[PDB]
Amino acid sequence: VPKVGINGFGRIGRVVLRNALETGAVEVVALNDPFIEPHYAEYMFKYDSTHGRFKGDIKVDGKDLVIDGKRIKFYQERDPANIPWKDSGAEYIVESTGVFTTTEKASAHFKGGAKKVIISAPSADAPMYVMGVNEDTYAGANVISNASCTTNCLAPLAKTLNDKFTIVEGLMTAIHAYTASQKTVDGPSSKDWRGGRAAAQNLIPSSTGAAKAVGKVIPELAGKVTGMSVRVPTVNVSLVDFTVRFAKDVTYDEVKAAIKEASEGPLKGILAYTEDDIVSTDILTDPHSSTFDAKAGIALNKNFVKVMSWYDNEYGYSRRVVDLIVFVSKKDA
């Protein structure tokens, strides 16, 4: 199985490691985060406000972590060029700092001997992939992106609807949990002015390319889909709200059938289908990219419908990072 390094031991970094240990699909052999010392890393991994306590064994030994018997090297370099990935055999680097999302910045990991870099975020210039949507277009690039949590929710849904019914145009709102880039109380934000307002007290509109990025992993939809997001006071779990017009005449039951069929077939494990009366906490720690909520949507007429899909923005995306490393390593061989 691929040997993995994680740069940035944050929400995504720690949850990617949970998914690695849970599945065994990759072997995380090295960790880097200059703002966290090894003993502190043990604390942050063991206790989690969102996904509950870690259920395995973890201890510090020397400057390293030991998790269920396996040693993980822990470094504290601010410059990714100084991380010696080769000492542990770390070949596939998860770049989850949030500060090295361009190909140039991410490519620093090759200095320490990395083989591939997976940016855990959209990138201005690295090719983006969404498992179940366009992984087969992978063509060997050294630095790649797994897009965003929101794109991983919308794109499997949009691909399925387009294939069956032909999307003419669509607009998305992502009703999204607050994240680490937001603030407890009103303070300065680097992304945008609204982004700094008290996270747990506000609905906060936020612009996003993640719906437009659907048009890059699904070229047939370029220029046909865009949208925005509203950050809301939940610590985790988000909801895609997708209003879309089809070329074909559909009923809503036919929309549901198309989703159900994809969830039981080509997108099983990626796109789920439910008719239960679920709320956001029911999707906590669920590893799907996208769970279509049959009862939450509505059709106005035979061509114009609203559909809704849930995603654990931390947990589903993080499993997809693992899935994308496994797939790319197969192709590289």
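The first residue of the sequence shown is number 1, and the count goes up from there.
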Stretch with the greater mean C-alpha B-factor as recorded in the entry, comparing 65 to 73 against 263 to 271: 65 to 73
Residue range whose averaged C-alpha B-factor is higher in the record, 118 to 126 or 229 to 237: 118 to 126
Highest recorded Cα temperature factor - choice among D87, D186, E95, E169: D87
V321 - Cα temperature factor, lowest/middle/highest third of chain: lowest
Where the record places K256 (Cα B-factor, split into thirds across the chain): middle
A294 CA temperature factor, ranked by third within the chain: lowest
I144 CA temperature factor, ranked by third within the chain: middle
Position of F100 among the chain's modelled residues by C-alpha B-factor, lowest, middle or highest third: middle
